[PDB]
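To start, the structure itself, in structure tokens.
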Amino acid sequence: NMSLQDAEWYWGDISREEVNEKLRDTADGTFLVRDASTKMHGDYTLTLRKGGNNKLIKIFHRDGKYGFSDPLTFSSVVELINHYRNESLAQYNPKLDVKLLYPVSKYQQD
Amino acid sequence: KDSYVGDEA
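From first to last, the protein sequence lines stand for chains B and H. Position in the first sequence (first residue = 1) + 324 = the UniProt record's numbering. Position in the second sequence (first residue = 1) + 51 = the UniProt record's numbering.
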């Protein structure tokens with residue numbers, strides 16, 4: 325019973341400009357997820373740092389599954405992210421050879 | 052720059 329709301333790297337309805345505040349100046353493989361710019365289908369947007377730029381990868385949501393491209397194979401956003409911590413996004417696009425290495429946490433350090 | 056990444060080349 326994992327909830328996306330508890331994910332360190334899930335920042336909800338923040339904007340791309342707000343994401344850039346968190347990803348600017350970071351290392352390759354730094355990442356967070358926000359809601360997509362539009363609510364259609366309940367998609368999400370992964371933002372991943374590479375080469376000093378922010379790469380945005382749509383997380384499609386269809387029929388209760390999630391993925392970057394068809395076929396959608398993941399049962400939750402958390403499961404998707406956990407997969408790409410270990411497997412490079414070269415699986416999505418051969419030219420995007422980066423893993424999800426450094427989550428940007430929304431929580432205070434306490 | 053913020054860029055969407057597509058699945059084609």
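Cβ coordinates follow ideal geometry from the N, Cα and C atoms, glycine included.
Beta-carbon to beta-carbon, residue 375 of chain B and residue 384 of chain B are separated by about 25 angstroms, too far to satisfy the 8 angstroms threshold. For residue 417 of chain B, the secondary structure class from DSSP, reduced to helix, strand or coil, is coil.
Under the 8 angstroms criterion on CB atoms, residue 358 of chain B is classed as non-interfacial with respect to chain H. Residue-level contact check: residue 381 of chain B touches chain H, since one or more beta carbons of chain H fall below 8 angstroms from its beta carbon. The C-alpha of residue 379 of chain B is placed about 15 angstroms away from the C-alpha of residue 59 of chain H. The beta carbon of residue 416 of chain B sits closer than 8 angstroms to those of 381, 392, 393, all from its chain and outside the five residues before and after it, given in chain order.
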